[PDB]
RNA sequence: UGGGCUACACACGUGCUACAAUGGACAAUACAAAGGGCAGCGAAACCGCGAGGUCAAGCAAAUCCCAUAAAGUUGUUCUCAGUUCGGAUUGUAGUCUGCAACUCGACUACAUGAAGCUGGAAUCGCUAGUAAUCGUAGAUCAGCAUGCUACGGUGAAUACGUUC
RNA sequence: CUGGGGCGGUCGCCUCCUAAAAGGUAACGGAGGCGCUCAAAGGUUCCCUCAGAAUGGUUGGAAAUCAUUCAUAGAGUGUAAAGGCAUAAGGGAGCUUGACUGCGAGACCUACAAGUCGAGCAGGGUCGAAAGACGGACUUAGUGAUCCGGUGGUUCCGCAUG
Ligand SMILES: [Mg+2]
Ligand SMILES: [Mg+2]
Ligand SMILES: [Mg+2]
Ligand SMILES: [Mg+2]
């Protein structure tokens, strides 16, 4: 929880001088990071899900929630049950430990010029960055992982519109 | 907070030769050799990276 | 954005659900519970007339310390029974509000059982 | 690293990834080993002197990490040397008629 | 000038190398024939792990060079496994030829080491210096053959018989 | 049975509609289901709330999954439909067996046989801190008399007595 003060700097040094808020409480604040991996249809991947639940613990050190299906949609082989997801909601200091790690190692290892977007919002203050798994295990290299994959990181804040969530993402973010 | 289901993580001091942006963590349970006191007093096992040496955007 | 709920309104729904097979009839009245964030409130209500019989509170001058917020709840449960020993010391029905029977709502009820009330 | 015993060391270091007939000369250069070292070799004080010379080499498994990404770099640029990996093509400009079976 | 004749899920011809311990790897040590060399063959020295680079030594050749043939023989080895059997295929040397080797060459250098344990029905070659094997030459050619054409080394087995 | 009869079809229960705002009400009128299932899909205590819609996001089928905001139930409720239900009767979790024994005032239904609902009373439990809740599933179908036979109990009888 060292670089949490980066936010406590920017609440009063930039955000009180940008929109001119009338109180320190209603500055836009980030509440959760969910790192929902996606579906990965497990007609066979139920064993790769045991790898996919092992890879996501290495990214963020919390066990995923293996989210199951809800409907019985045809042209797709799944029922109620059939665990076809994984997510970790990152609430506390593990957010900032993940955030102040990832935004320095996301643009370099992706080998993209700009890198993420100029806009990805939903008009409310939520970003939903998309990852093709080119960043993870920065510590143990490409030795024992098996199958290439793709993550998804959602940033849920207390921003109100798009331009206030651009301000929080202008703190060591690259739009 | 639950015991049993979590993997290991620690204050991984990202020992990079360009300004040492040590605000990272993970599963680098390796040899602890030099721990900076301003940073995470743990393993420096992040030995080299392209994290904050030359950004493509802020070049 | 994300909308933070208030903990009172959810509590009220829960309490409403709880308090449909839970009533006081003045031969077996009802004490309910309102803990906010600092203070615990207890109150003997007869649900038939809509008329209370007693009232106790963690912010009243008779019991107002900074003990634990749990030992404050033990003092209030001691208080509501010794005022219900003035009249109607019979069985009552414990009403937990919408809160769990744990911690401060439990210590309000553990204290009232060991101070004369027979629930 | 994970070499087998009960054979001669000039063929024993070959069993790992990254060594073929360099243990006859290059490992024999730094370490004072002989040719007739079976399982009965007492290569524990000699395990250290081969550890110093194998630490300079990329051999034991980690070469295959760089070898894998060299193909991954080669297909990402989409070169003719790289399309032949992703497409069963013999890659080094060979005749892809009947006798081209080992790439399928 | 730039492609293509070199493409490929495949299908038959023709060959090369093999699937080994009458072998494999390393050291020594022999014995040929034929033919080529009009700036071509280029020695002995060096400098390179090597493919090879630098000049002169000889010469338009029974003499000088390509060129130390190889199998063999002698010794040390592995021990009978898809193991020291072979080496296909992929990244590292950039060697050389040539305006230029990406389509689309030729080797060697450390890597990687896949099919393959002598092959079914069928089918082909061969009657002695012949089958079999071993290496060397030349024509094409700036560079390039597992092909072709010539060359020697080592060399079996088997023919009772004309009925099918 | 039958708009003669035959042929075809039908025959018992459940749900609607016809049914005329109580109930009930026919036709070879219009629609459909049932001859079960569940040891958790029962009990109880706790928590929990859906579909859908946009929106934007490594899978991207339009549509799996993630997030936000709207969402009155449009979801779901073992099984047809009708009534129900967010007290959740829906969805999770923990303990459990009340899917108890003896009964039952009273009531519904009805030609009779049958059929249904029950407070409460003991007995002995389960869950819950407690009040309490439990005599099967949200409710309504999942069956068939008597006689005979089998089987296990049984302080009953058992032929002069045992
Ligand atoms: Mg008529
Ligand atoms: Mg009526
Ligand atoms: Mg419905
Ligand atoms: Mg329920």
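Chains as they are written, first to last, in the entry's author numbering: chain AF, 2 to 176; chain AY, 1 to 59; chain AM, 1 to 119; chain Am, 7 to 110. Beta carbons: idealized from backbone N, C-alpha and C, even for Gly.
Go ahead and pull the three-state DSSP assignment for residue i.
i                       : result
residue 30 of chain AM  : strand
residue 35 of chain AM  : strand
residue 88 of chain AF  : strand
residue 23 of chain Am  : coil
residue 77 of chain AM  : helix
residue 9 of chain Am   : coil
residue 8 of chain AF   : helix
residue 32 of chain AF  : strand
residue 15 of chain Am  : helix
residue 93 of chain AM  : strand
residue 55 of chain AY  : coil
residue 105 of chain AF : helix
residue 34 of chain AY  : coil
residue 71 of chain AM  : helix
residue 41 of chain AY  : coil
residue 111 of chain AM : helix
residue 81 of chain Am  : helix
residue 91 of chain Am  : helix
residue 61 of chain AF  : coil
residue 20 of chain AM  : coil
residue 51 of chain Am  : helix
residue 120 of chain AF : coil
residue 20 of chain AF  : coil
residue 76 of chain AF  : coil
residue 12 of chain AM  : helix
residue 82 of chain AM  : helix
residue 99 of chain AF  : helix
In the DSSP output, what is residue i paired with across the bridge?
i                       : result
residue 25 of chain AY  : According to DSSP, which records beta bridges pairwise, residue 25 of chain AY is partnered with nothing at all.
residue 70 of chain AF  : AF:82
residue 143 of chain AF : Note: residue 143 of chain AF sits in no beta bridge, so no partner.
residue 52 of chain AM  : AM:45
residue 154 of chain AF : AF:130
residue 14 of chain AY  : AY:46
residue 57 of chain AM  : AM:41
For residue i, does the count of other Cβ atoms within 10 angstroms reach 16, so buried, or fall short, so exposed?
i                       : result
residue 32 of chain AM  : buried
residue 137 of chain AM : A query on residue 137 of chain AM cannot be resolved here, the shown segment of chain AM reaching from 1 to 119 and no further.
residue 6 of chain AF   : exposed
residue 65 of chain AY  : With chain AY covering only 1 through 59, there is no way to say anything about residue 65 of chain AY.
residue 140 of chain AF : buried
residue 86 of chain Am  : exposed
residue 93 of chain AY  : The displayed coordinates of chain AY run from 1 to 59. Any statement about residue 93 of chain AY would go beyond what the structure contains.
residue 38 of chain Am  : exposed
residue 129 of chain AM : The structure shown does not extend to residue 129 of chain AM, since chain AM is modelled only from 1 through 119, so no value can be given for it.
residue 25 of chain AY  : buried
residue 90 of chain Am  : buried
residue 20 of chain AM  : exposed
residue 48 of chain Am  : exposed
residue 115 of chain AF : exposed
residue 26 of chain Am  : exposed
residue 123 of chain AF : exposed
residue 102 of chain Am : exposed
When every heavy atom of ligand 6 is checked, does at least one fall within less than 6 Å of the C-beta of residue i?
i                       : result
residue 138 of chain AF : Ligand 6 is not part of the structure shown, which contains ligand 1, ligand 2, ligand 3 and ligand 4 as its ligands.
Since residue i contacts residue j with CB under 8 Å, what's their CB separation in whole angstroms?
i                       : j                       : result
residue 14 of chain AM  : residue 105 of chain AM : Contact doesn't hold; Cβ gap of about 12 Å is too wide.
residue 17 of chain AY  : residue 46 of chain AY  : Not a contact, Cβ separation roughly 11 Å.
residue 58 of chain Am  : residue 36 of chain Am  : 7 Å
residue 49 of chain AF  : residue 148 of chain AF : 6 Å
residue 59 of chain AF  : residue 65 of chain AF  : That pair is no contact at about 11 Å.
residue 49 of chain AY  : residue 23 of chain AY  : With 8 Å as the limit, residue 49 of chain AY and residue 23 of chain AY do not qualify as a contact, their Cβ atoms being about 12 Å apart.
residue 136 of chain AF : residue 157 of chain AF : The pair is not a contact, with the Cβ atoms about 20 Å apart (cut-off 8 Å).
residue 73 of chain AM  : residue 107 of chain AM : 4 Å
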